[PDB]
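*Asks:* experimental structure and sequence below, a few questions after.
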Amino acid sequence: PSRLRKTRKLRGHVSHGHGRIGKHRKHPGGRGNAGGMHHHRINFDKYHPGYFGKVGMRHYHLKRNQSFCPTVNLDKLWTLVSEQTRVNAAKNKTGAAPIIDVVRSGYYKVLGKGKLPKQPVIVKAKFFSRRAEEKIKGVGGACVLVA
Amino acid sequence: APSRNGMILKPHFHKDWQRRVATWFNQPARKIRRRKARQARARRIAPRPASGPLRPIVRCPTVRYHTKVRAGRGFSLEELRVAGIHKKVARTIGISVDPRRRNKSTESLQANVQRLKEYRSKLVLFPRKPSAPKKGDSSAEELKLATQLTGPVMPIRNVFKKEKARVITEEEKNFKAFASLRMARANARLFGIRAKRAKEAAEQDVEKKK
RNA sequence: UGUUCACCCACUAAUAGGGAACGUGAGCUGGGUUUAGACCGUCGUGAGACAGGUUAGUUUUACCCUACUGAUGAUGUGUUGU
RNA sequence: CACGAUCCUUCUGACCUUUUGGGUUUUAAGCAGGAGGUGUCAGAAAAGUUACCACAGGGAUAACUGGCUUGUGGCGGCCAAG
RNA sequence: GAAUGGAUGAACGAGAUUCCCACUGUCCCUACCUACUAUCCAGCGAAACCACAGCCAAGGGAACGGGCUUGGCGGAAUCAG
RNA sequence: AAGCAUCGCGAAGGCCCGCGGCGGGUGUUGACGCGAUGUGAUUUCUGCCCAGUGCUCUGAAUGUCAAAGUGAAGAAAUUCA
RNA sequence: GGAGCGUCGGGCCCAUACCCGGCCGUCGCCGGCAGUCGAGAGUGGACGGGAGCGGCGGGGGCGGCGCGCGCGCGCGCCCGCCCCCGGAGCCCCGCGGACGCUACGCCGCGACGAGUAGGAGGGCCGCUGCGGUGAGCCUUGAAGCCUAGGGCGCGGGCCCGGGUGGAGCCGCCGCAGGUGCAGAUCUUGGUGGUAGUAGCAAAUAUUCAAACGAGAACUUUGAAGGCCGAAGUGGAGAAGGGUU
RNA sequence: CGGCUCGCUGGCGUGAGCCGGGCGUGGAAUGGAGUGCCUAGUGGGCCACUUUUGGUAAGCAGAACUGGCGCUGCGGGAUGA
RNA sequence: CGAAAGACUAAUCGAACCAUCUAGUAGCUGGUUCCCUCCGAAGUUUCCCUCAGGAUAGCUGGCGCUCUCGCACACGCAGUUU
RNA sequence: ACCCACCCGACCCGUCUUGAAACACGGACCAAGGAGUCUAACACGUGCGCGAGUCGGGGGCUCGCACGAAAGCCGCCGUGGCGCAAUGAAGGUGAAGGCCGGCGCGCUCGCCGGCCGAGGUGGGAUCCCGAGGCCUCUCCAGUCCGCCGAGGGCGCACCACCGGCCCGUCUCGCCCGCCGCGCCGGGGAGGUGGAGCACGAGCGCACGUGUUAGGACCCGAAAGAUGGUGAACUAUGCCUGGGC
RNA sequence: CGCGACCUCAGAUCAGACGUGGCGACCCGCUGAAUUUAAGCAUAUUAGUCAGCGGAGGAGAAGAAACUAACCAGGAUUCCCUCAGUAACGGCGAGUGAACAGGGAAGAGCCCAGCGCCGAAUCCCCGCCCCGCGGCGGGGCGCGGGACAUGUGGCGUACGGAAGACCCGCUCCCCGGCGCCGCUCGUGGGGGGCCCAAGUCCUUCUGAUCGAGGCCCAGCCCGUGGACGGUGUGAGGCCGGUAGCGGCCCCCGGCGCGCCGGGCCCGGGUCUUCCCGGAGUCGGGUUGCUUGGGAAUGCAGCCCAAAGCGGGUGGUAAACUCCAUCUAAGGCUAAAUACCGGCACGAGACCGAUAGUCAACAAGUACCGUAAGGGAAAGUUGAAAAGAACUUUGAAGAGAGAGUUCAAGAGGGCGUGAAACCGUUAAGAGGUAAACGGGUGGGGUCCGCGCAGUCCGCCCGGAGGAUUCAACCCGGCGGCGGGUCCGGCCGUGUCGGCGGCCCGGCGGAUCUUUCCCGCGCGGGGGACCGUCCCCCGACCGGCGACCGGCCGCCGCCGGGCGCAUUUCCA
Ligand SMILES: [Mg+2]
Ligand SMILES: [Mg+2]
Ligand SMILES: [Mg+2]
Ligand SMILES: [Mg+2]
Ligand SMILES: [Mg+2]
Ligand SMILES: [Mg+2]
Ligand SMILES: [Mg+2]
Ligand SMILES: [Mg+2]
Ligand SMILES: [Mg+2]
Ligand SMILES: [Mg+2]
Ligand SMILES: [Mg+2]
Ligand SMILES: [Mg+2]
Ligand SMILES: [Mg+2]
Ligand SMILES: [Mg+2]
Ligand SMILES: [Mg+2]
Ligand SMILES: [Mg+2]
Ligand SMILES: [Mg+2]
Ligand SMILES: [Mg+2]
Ligand SMILES: [Mg+2]
Ligand SMILES: [Mg+2]
Ligand SMILES: [Mg+2]
Ligand SMILES: [Mg+2]
Ligand SMILES: [Mg+2]
Ligand SMILES: [Mg+2]
Ligand SMILES: [Mg+2]
Ligand SMILES: [Mg+2]
Ligand SMILES: [Mg+2]
Ligand SMILES: [Mg+2]
Ligand SMILES: [Mg+2]
Ligand SMILES: [Mg+2]
Ligand SMILES: [Mg+2]
Ligand SMILES: [Mg+2]
Ligand SMILES: [Mg+2]
Ligand SMILES: [Mg+2]
Ligand SMILES: [Mg+2]
Ligand SMILES: [Mg+2]
Ligand SMILES: [Mg+2]
Ligand SMILES: [Mg+2]
Ligand SMILES: [Mg+2]
Ligand SMILES: [Mg+2]
Ligand SMILES: [Mg+2]
Ligand SMILES: [Mg+2]
Ligand SMILES: [Mg+2]
Ligand SMILES: [Mg+2]
Ligand SMILES: [Mg+2]
Ligand SMILES: [Mg+2]
Ligand SMILES: [Mg+2]
Ligand SMILES: [Mg+2]
Ligand SMILES: [Mg+2]
Ligand SMILES: [Mg+2]
Ligand SMILES: [Mg+2]
Ligand SMILES: [Mg+2]
Ligand SMILES: [Mg+2]
Ligand SMILES: [Mg+2]
Ligand SMILES: [Mg+2]
Ligand SMILES: [Mg+2]
Ligand SMILES: [Mg+2]
Ligand SMILES: [Mg+2]
Ligand SMILES: [Mg+2]
Ligand SMILES: [Mg+2]
Ligand SMILES: [Mg+2]
Ligand SMILES: [Mg+2]
Ligand SMILES: [Mg+2]
Ligand SMILES: [Mg+2]
Ligand SMILES: [Mg+2]
Ligand SMILES: [Mg+2]
Ligand SMILES: [Mg+2]
Ligand SMILES: [Mg+2]
Ligand SMILES: [Mg+2]
Ligand SMILES: [Mg+2]
Ligand SMILES: [Mg+2]
Ligand SMILES: [Mg+2]
Ligand SMILES: [Mg+2]
Ligand SMILES: [Mg+2]
Ligand SMILES: [Mg+2]
């Protein structure tokens, strides 16, 4: 919508909002990220601390899927399963504890943020945190490694 | 020139890109054309599935996909050999065959034999002439269907086995997972040197004798 | 002497001093400065340099407005002439 | 006051990390601290000439006039030792 | 200052100087004449240039005004210069 | 410009072209010639300077001087000779 | 005998400054109004017993918190009532509520208003096309054009009258953009002043009569006077032209 | 005021940090405050009072301080940043 | 190509002309289209092969939010003074 | 609003500039044309939908498309993107604490049972409780309705401060674990680096402004590069003719 | 010095074939800048991009792993989405920059050399006959030529293959013709032709209407047709079309059946014995280019130069070592993909004659340039030419009358006809260039009046005329509002029915395989939970969600009411 834009309101005025002392010349700074070291340095090193320089190790044929390891927190572990597993449990009276295959739901690691409700579980997962393990045991459950 | 905060960003419009802009005003016209051509091909292969041939079940590669299962390119030779379909014939009954597939584990093999067996059950081979010889099915299962199969033939559905609620034996509860993982990491790490030091120590024991 | 300036001869009453975009190039002239051609000296490895010398080198337009010069006329006095 | 970023090099440091299908060893690559310098000292790697010259501009800036000033030049007082 | 050539030198030069004789309007010092113009007329008929325009003195002013301030003043339309 | 004076070359050569060729120009040529520079008819001269920058001559007597090749140690990349 | 200079009076002169008033806009007000009492607000109302001229017998405070338009009252007759706006008649009305209320509306009080570069808001300002919508307009005259006609708007602009014209065009709500010019030694086209001006001056030269003809300075014929003066203004080619 | 905490400090004590109570206008004048995001133009300046450096001085060059002009009309200063 | 003047090479030569790369780049000239309303600057900072430009502070606008109470019942802030 | 008169006022615009009526440039006049665009990427603001999710592409199913190259639908609804977790160069690791009771010597360390469950200080719009008024036509009783409300509380968001947790790192220390007792693995205390956590705010769509890359507001070089055309002029050589 | 084989080479206007140039949007192979960015510049970038050369096809190229990976593993090529502005490169600056996996579009796989077996079992050309002949083919017959053992053809190629013995089960696939049947998706494939609904109805405007009003239901008639165009304005019905699984005729394709001519004796498993791979290539060194590819991603030249349990890859140089993974140095292959050139169509929130292509027109034209090349301007009378007969002035161009046209105030460069600028006509002014702002005056032009503008409207009082009613009941209709929620429909929250629950379905990682069906899994039942529906009673919000009676009120029509009422008029 040109109708709404600013150039409609600038019609009539000479400079078109670019001033008349200094003008709208083509590329007064240099094109683009020109002068990162010289003559634009201050902007670079007060809004991009650490642009310039190497750091760390190269890694040639990176393939991301090798390092694939999506995490989930205890916080919302019960979310993976239907409420009626968490309900048929705190009930039942066998002391059963329902299984939660986390790898089925698409998380490999189980990290340990959050309060887990006092209600036993069997968490199957590829990897665990230390704390996530501990919390799980404290609920009265069992962590289970899977390949 | 940059002005107070923003991504120091690199656009790739320095070559003559407007010479190679590729618009998509086709796409509707395209989508139709494919669709017509699709419906034509069905009609040509008259009672044969529109899909194509039947294709194997197959697991993806890499740790990432790993858990999922797709359709593969074609059934291996072992899978045809065990099912008892002559490879040259299998092409003629709508069974995809690749021959470059290895077959590592017997769980993936027996599944894919089972597939072909099931296919052969629910297949309606018409006889060559209207006069009916062996193999060719009855005119009952022929009149009741010279019907095409819409969609992929015997589709693969990645499926899960429901685990019932156990009781947690004092042993599961005993397990120290995180520790176990740390241990298992370090033993892979240190396997190799440990073996070299033991090889050193064995040489020192033998060197003591001489 | 391109000179401004300078000096000398002569006359004279006297050979005072200045200004006008250092009056005055669609007024001239173009000798000199100050393109390009060339020579010499000094300087520069060199291309080249030199308020160092030399020689050769295109000086456009007015019919507009004004100003000035002269030329017909103009309003008035009824018209005309004296 | 007496000093120097990124990149690169070099040395020192840990039973350190990586060197990619796995293992051992050399090698290399990282991590951390010093050194090798940028004096145009917040840090290009860099000789002239053009009178054969060009282009973008500048009265932000020279070479005339004209303004301001009058040191300097020119001209004129006052005092009065001579 | 010596083949970055030195010194010379008859002949030659639309080459650079200086003097003398002759000759002359170069000048003292200007004048008269001729032809073609310019001029007036018939016919024909362009261009550059052009903010608006077009009388001065002084003032101030981006420090030399046609326009501003204060004074002088101002009379159609034109011709040749 | 004639005149003078240097310099290179005896042809698998001097000088030069060409993108390339058992290519081409000088050259249908051979030092009284081809090629490269200066000075500039004649006359008369043409001093000294080989430190500098050039050019050139010699070359196991010899400092440095690359790739290959030779040896060396190393498991090898290699390093050193 | 100032229209000079120094010291001082009264008086008068006028800026867009100051004061009062009008009108426009902006800002602010916990602004007001979806329908109610109420102007330093400092209550209103059940309802029960006991009673009545009683009351709440508190500061030269000069007073606000308490008093003289009634509390009980006139009527029905010491007892009853002290009644209902579909009717008190109203300055307040709690029974229902604008002429007003497109709540992006309407209304009230104050204050304030220079502006380049620049920023933002609003434009029932303007251009062209699209979805909607105006039972829109139009040969009984669309667009455009022109107008010493009538008006509106602060303005961008707009609307009507008349003329001209001869086929299409507009209002509103949305969307869209190749959307508004005085300048760019801007581009393309057109037109002036300059101007009936400069100019139609290289190479000696024309004159008389006639013919044709609407018409003769210039054609043609005749006569005269002139020039080129065989290195020609003569007589023939080459190239080039291409029907001259 | 009352009490707790300390791995600090130390003859005992410091000093700090915590809880729990108890007390209200603490000079004049004025004014509603705080706070966060996007952000253009600008980065040639000049002038006056006073102060002030260079300079014989300048409508010269250079600082300070405030206020101007620039961005700004209006009355006065005849004319005028 | 030049008996050398940087001469000449189709009115073009200190590098011809034609088409393209090409809408070449420009810290530099020039221009940059309707109305009202409200707010309204800077020419100073540090850095820059920086000094006719950028960066960065500053100065401007816009959007807000959080609270305050003239609804007899206020805290904080200042180009002052005490 | 057309013309004329008169008094007062009044230099020509545009532009660069500290300064323009300038003896600064551009501009004789009129018409039409004529310059901040579009794409991509980012950021912030705003509007809408859904919300620990969101998403639509790409693909597919529904039609000869009149309107359609639309519209609709999809275990593709989610392959996947962004988001929901960081931190380390990396190997890797990865956001909880409190309290109570018991057992280990409570050793501000190690292990076993119960309860609460995102800490605390100050300020915080707002809610909540509310002594007490303040009247009612009388003396008291007395529920109903307000108005205010001293005093006291829960305290959103947000801010400041102090605690805590996660990753990197250092320093100091003492214990645990077992299929592999090891140059194995795990924890503690105290600092200190992190674009962290501390009951989530994102995703998609749309508009606006700003900043960039692109012809990038419009106009402007001197140059540079590739491939072609010319010696009809002129330069020089050669061939064949002419002339003095 | 003969004749004859072959080998290597010539020549033929020998017989018969092919290749040459073009186009170039897309495609394949080379070649290859510089403007530009970096605020300078040389590496980098621009860019393997423009220009240059080569060669194609309807597509091209690529392609059946010397692949990915490191998994529980995928499995040719191309294309899209994603990966990802990521890993990486880089004066680590500017900047640049992939791949695998994952999801899709599509989907298709094959053949030699070799090693071997088979009397060369093979091929080409001659010549005679039968068919067929506008894509030169079949069949037969020839002591008719030649190619070929320096290797043709069948079997066979790594997914293994061959040959053998017995286990099994049985025998259609192809082409040259000749016919014939069903015209075979935009709903009869492709092409061609020719066809198919309804007003010129009534009035009326007009130069002419396709307009405006009407016409048994917005009017008549068709409507599977109201797209579009044309026709003297604006047309579903005047005409061409448009709609339609509408028609007919041609031709051609494609597929179905029959007959003939040929070819063709074409399997699989099981055990044994044999068989097996492309050299100046890989690989190394190198130099140069190239790449994100980094101690060398790919291509090159030069030098070296292999092997066979080898070789290649396994993204950091090397040695040792295990694993994994392909099988290189020969070849063919549709498809999804591309398409600013061509032929033929369709459309548009585009432009509307200084725009849009250079070009709406006798445009790559005229014109320029030696040449390469450059390159315009330019649309519109009217419905119809009805384009002005004739008279007259003039040598004529030009006029004046006349005429045509609705109009020439449309006259052949003619629709409309702005401005600059000019002519005239009218008015007004005039020595400080004009022009301008503010303020008045004078004159003009028109515009509104008034031949009193005393402007209207309520209510009232009076005097004159005027018809009918208000008021009042009565009968009818319609509307509102109300509570008794009275009676019934209606729906919110709650409770009761466990009643829909199987006569109520979906969802669930809840359960059960006591079930059923199909092969521990899939589908369906069967429990269970969550969610959505029937039955009646009770309480409550009695809600604009409605009905029925009753009430009250209002309004209209019709009755009555004749005149102290009732309106009208002046
Ligand atoms: Mg701006
Ligand atoms: Mg400007
Ligand atoms: Mg700027
Ligand atoms: Mg498919
Ligand atoms: Mg002079
Ligand atoms: Mg003069
Ligand atoms: Mg002159
Ligand atoms: Mg001279
Ligand atoms: Mg000279
Ligand atoms: Mg004259
Ligand atoms: Mg290995
Ligand atoms: Mg010179
Ligand atoms: Mg010079
Ligand atoms: Mg020269
Ligand atoms: Mg100056
Ligand atoms: Mg000398
Ligand atoms: Mg000598
Ligand atoms: Mg000399
Ligand atoms: Mg002037
Ligand atoms: Mg010499
Ligand atoms: Mg020497
Ligand atoms: Mg203002
Ligand atoms: Mg402005
Ligand atoms: Mg018409
Ligand atoms: Mg457009
Ligand atoms: Mg214009
Ligand atoms: Mg004349
Ligand atoms: Mg002749
Ligand atoms: Mg500036
Ligand atoms: Mg300025
Ligand atoms: Mg050049
Ligand atoms: Mg441009
Ligand atoms: Mg600059
Ligand atoms: Mg503001
Ligand atoms: Mg400037
Ligand atoms: Mg200046
Ligand atoms: Mg100006
Ligand atoms: Mg001046
Ligand atoms: Mg200029
Ligand atoms: Mg001019
Ligand atoms: Mg215009
Ligand atoms: Mg947003
Ligand atoms: Mg920004
Ligand atoms: Mg831009
Ligand atoms: Mg240009
Ligand atoms: Mg260059
Ligand atoms: Mg060809
Ligand atoms: Mg550059
Ligand atoms: Mg630049
Ligand atoms: Mg440069
Ligand atoms: Mg490149
Ligand atoms: Mg090309
Ligand atoms: Mg192909
Ligand atoms: Mg291959
Ligand atoms: Mg692949
Ligand atoms: Mg991303
Ligand atoms: Mg690249
Ligand atoms: Mg063979
Ligand atoms: Mg029509
Ligand atoms: Mg029609
Ligand atoms: Mg018809
Ligand atoms: Mg490269
Ligand atoms: Mg490796
Ligand atoms: Mg191929
Ligand atoms: Mg035209
Ligand atoms: Mg036109
Ligand atoms: Mg055109
Ligand atoms: Mg036109
Ligand atoms: Mg026309
Ligand atoms: Mg026209
Ligand atoms: Mg007409
Ligand atoms: Mg007309
Ligand atoms: Mg006309
Ligand atoms: Mg027309
Ligand atoms: Mg007159």
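*Replies:* Thanks, I have the structure now. Numbering: from 1, shown residues only, chains lettered A, B, ... in the order given. Ligands and ions are numbered 1, 2, ... in the order given.
*Asks:* from now on I want contacts and neighbour counts done on CA atoms only, so please keep to that.
*Replies:* Fine.
*Asks:* tally of neighbours for residue B:26?
*Replies:* Residue B:26 is flanked by 8 other residues according to other C-alpha atoms under 10 Å in any protein chain shown.
*Asks:* residues contacting it?
*Replies:* By C-alpha atoms under 8 Å, 6 or more residues apart in numbering or on different chains, no residues touch residue B:26.
*Asks:* quick check: it vs residue B:63, distance?
*Replies:* The gap separating residue B:26 from residue B:63 is 39 Å, by C-alpha to C-alpha, to the nearest Å.
*Asks:* before we move on, what about residue B:83?
*Replies:* Residue B:83 is 30 Å from residue B:63, by C-alpha to C-alpha.
*Asks:* and what of residue A:82?
*Replies:* As judged by C-alpha to C-alpha, residue A:82 and residue B:63 stand 27 Å apart.
*Asks:* who's more crowded, those two?
*Replies:* Each of residue A:82 and residue B:63 has its neighbours counted (other C-alpha under 10 Å); residue B:63 has more, 14 against 9.
*Asks:* does the more buried one sit in a helix or strand, and which one?
*Replies:* Using DSSP states H and E, residue B:63 sits within helix B:62-65.
*Asks:* what is the lengthiest helix in chain A packed up against?
*Replies:* Identified as the longest helix of chain A according to DSSP state H is helix A:130-139. With contacts defined as 3 or more C-alpha pairs under 8 Å, 6 or more residues apart in numbering or on different chains; DSSP states H and E, helix A:130-139 has these neighbours: strand A:109-111, strand A:142-145, helix B:177-209.
*Asks:* reformat the ones you listed as TSV; add distance to residue B:77 and mean neighbour count.
*Replies:* Formatted as TSV, those follow (distance: least, C-alpha to C-alpha, whole Å; neighbours: other C-alpha atoms under 10 Å in any protein chain shown):
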stretch	distance to residue B:77	mean neighbour count
strand A:109-111	38	22
strand A:142-145	36	23
helix B:177-209	37	11
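*Asks:* can you put these in TSV and add distance to residue B:119?
*Replies:* Below are the helices and strands packed on helix A:130-139 laid out as TSV (distance: least, C-alpha to C-alpha, whole Å):
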stretch	distance to residue B:119
strand A:109-111	39
strand A:142-145	37
helix B:177-209	44
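*Asks:* residues of the longest helix of chain A that come out buried?
*Replies:* A:132-137 (16 or more other C-alpha atoms under 10 Å in any protein chain shown).
*Asks:* right, is that helix up against RNA strand J?
*Replies:* Yes. Residues of helix A:130-139 are located near RNA strand J by C-alpha under 7 Å from any atom of the strand, namely A:130-132.
*Asks:* what's next to that helix, contact-wise?
*Replies:* A:73-74, A:110-113, A:115-121, A:142-143, B:173, B:176-179.
*Asks:* what helix or strand is residue A:100 located in?
*Replies:* Counting by DSSP H and E, residue A:100 is found in strand A:99-101.
*Asks:* helices or strands next to that strand in the packing?
*Replies:* Going by 3+ C-alpha pairs under 8 Å, 6+ apart, strand A:99-101 lies up against strand A:122-125.
*Asks:* what's the local residue count around the residue of chain A found nearest ligand 1?
*Replies:* Nearest residue of chain A to ligand 1: residue A:17, at 4.5 Å (C-alpha to the ion). A count of nearby residues for residue A:17, using other C-alpha under 10 Å, gives 12.
*Asks:* where does chain A come near RNA strand H, residue by residue?
*Replies:* Counting by C-alpha under 7 Å from any atom of the strand, the residues of chain A lying close to RNA strand H are A:17-23.
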